[PDB]
Every structure is written in C-alpha cells, then in structure tokens.
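Okay, so here's just one chain, in structure tokens, the form deposited in one PDB entry.
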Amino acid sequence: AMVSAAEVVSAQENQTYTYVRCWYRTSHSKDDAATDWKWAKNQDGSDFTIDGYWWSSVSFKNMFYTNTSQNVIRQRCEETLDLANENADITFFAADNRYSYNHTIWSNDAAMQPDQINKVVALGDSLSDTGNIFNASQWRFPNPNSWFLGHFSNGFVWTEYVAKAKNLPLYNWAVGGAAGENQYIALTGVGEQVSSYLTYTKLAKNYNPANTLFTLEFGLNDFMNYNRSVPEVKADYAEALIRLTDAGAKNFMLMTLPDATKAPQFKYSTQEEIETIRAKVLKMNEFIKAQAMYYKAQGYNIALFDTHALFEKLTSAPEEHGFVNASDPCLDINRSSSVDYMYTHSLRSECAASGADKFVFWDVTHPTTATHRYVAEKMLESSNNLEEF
C-alpha cells in the first residue's frame, strides 16, 4: 500500500497555492553553466500561482501536486522570462518565498487519459540526476557556476532530452555517488528510488502506471565508488524491475553501462582498479541484456539501448560522431578530488576554442550536455523509433 487511503484523501483535500520559480541559463552559450531565476508572472503582471497540495514522505522532500499542466507552467516561465535564448534551458519549481528550496511540481493526470505514454520517470545515478542533491547542499554543490543547476553537466541530461523530444513531463528520482553526493543525501540506492517513486505516486490523482515510460541506468556508482560485487548489483537491478512491474510498470528504456574507465578521472587510477571496474561493467552488461529479454518475453514494452557499444565508438573515433575530444574534461580539472565540485573552473584552452558541444566529457567523470543529447537522439531513433511504446 505504501500510503493508506485515509492518508491520501486527507493530504489531497489540504488544498492551497504556491508560486513558481523559473530558472534559466543566463548565457546564450552552453560553455557557461551559470543560472538565475524569476518568479512566474501572468501577462498582466500579476503573480502566477498554482493550486494544489503538498506531501512529503519521512524523507521530508516536499512535492507539490497541481492540476495545472507542465505545458501551462513552462509557457508561463517562457513568457515571464521573455528571452531570445535558444539555450535558456528553462526548468521550474514550486516555492512559497525566497527561503524556499526548489520543490518538484507533479502535474496530476486527467481521469480519461488515453492509453499512451504521458510521462517519464527516471531512476539512476549522476547520468540521470536533474538536481536531487542540489537543495540538500544549500545550492552550493555541484557549484552552480561550473555545473548546470544541480545537474552533473553543463546542461540537460539524456532523460531531459528524451522527455523534451516527446513533449513529456519528466519526474526524477536519480542521484549518483562519484562526486561525493552521499555526503549530502543518505538513501541514493536504486531500491530507495523505487520506494520513493511508489510512495509519492500514491498521492497523485488519476495515476495510471501503464502510461509511464521508466528509464533505468544503474551500477556504475556501485562499481566505481563502493567496490560492490557484480552479484550484489545484479540482484538490486533484478529487484528494481520486479518491484516496478509488480506495481503496474509496463514500459521501460533500459541501457547497457558505458565503460566508465574511459572517463578522465581514470588517468589518475591504477591499472588494477581500471581492470576491476571494466570487468564488472562487462559482466553487468550481459545481465542487463538477459533482463531486457526476460521482460520482453513476458510482454512488457522494453527498449534496450547498447550505450556501451555507442560509447566505445564515440571514445575511439570522436571525429566520426561530431566531437573533437573524448579523452579530456572540458573544464580545466587535472586531478580527481571531490572538493573540485565546490569551486568555479575555467574551461581548458582546447574546450574554450572548440566549444563544449565538441567535447565528450564536461568534468573528470561526467559527460557534457552534447554527449547527453547525442545518446538521447541515438536512443530515440533506435528500435524503429520507439515502435514498442
């Protein structure tokens, strides 16, 4: 059950209103991660409010549920900000006042919604995190001048590009560990993300899990940062799919893990450490393929994308895929230290010259937003353009 029927009505009946914080990239260039915000307004200059209710689990992470669509909220932010910026990369959150954190807005579905995907729910690590650590860090980590508003990149991540391409809302539960995230948030495991998804969606109105597209990418955090065994990670991944499918999930975007040892931070790792992580990645990838087929044989809608194979091609011949550099970070970071996520960094000369869209990597671990877009686009075109969904 997760949340009783009595708890749900009582929370949904506690109707109020809140304001919308409209965030945007201050620069026209994706080389500049810096952002700012304005309160959403109506065309007449009056305050834009959204009606609805608040709810938090014992996690105390507060979500605002509204009947107002994400399109209406986005449109209000676009018209309030009135930018001539194709790279404004607008994101929005519920907030009562200047002291409020960035709260995710859940737009409740209509009761008579058609049988079609109408939202994306992402589970995973820093490859899918859109800002889950950022409030906990008091908006200081990752430093908002060199990392795009709580994203471990210079812009949107792959899930945001997939959701945007299909004009769908994206609800994120993802959080990584390679940047020292676990110094700010406790429960970052895939199991905790599934539990959180199952708890917050009980509060939603007219929620049909069959209309959700689930994205899942997990294992690199475990292998890179916690030296977890392949069977431990295999079991957690199988458990996430068992739990989601038992809870009505029908549509999944699954991916093999890219070989993370090709990231710049492994220039500073020993051969032994690299060989260990690479071997674990290869074993996990055969298991992901077996899991994808297992659920596909049962009638579930599964899109399996071989990110590992795409990334081997991208890093061996960047010049064949729209990139100039696949070996160095775009930022001038020449060591692997988690403290670097606390400061502003200049772009290295080579990246300043080519632009961030020509580099595979943003920092020593994380890909640029151009790489994220490249994977999202390759995924969208794959499996005869999502014929399964």
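Counting begins at 1, following the sequence as shown. For clarity, a rigid core is taken as the largest C-alpha set superposing within 1.5 Å between two forms.
Same protein, other form: the form deposited in another entry, not shown, and the subject of what follows.
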In a superposition on the rigid core, which residue from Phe266, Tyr300, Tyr161, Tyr184 has a CA displacement reaching 2 Å or more between this form and the one not shown? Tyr184
Post core alignment: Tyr101 C-alpha displaced by 2 Å or more between this form and the one not shown: no
Taking the rigid core as the reference frame, tell me whether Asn227 has a CA displacement of 2 angstroms or more between this form and the one not shown. yes
Relative to what's shown here, the Cα pair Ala186 and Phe223 differs by 3 Å or more in the other entry. Does it come closer or drift farther? closer
Note on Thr256-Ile185 C-alpha separation in the other entry, which departs from the shown form by 3 angstroms or more: closer
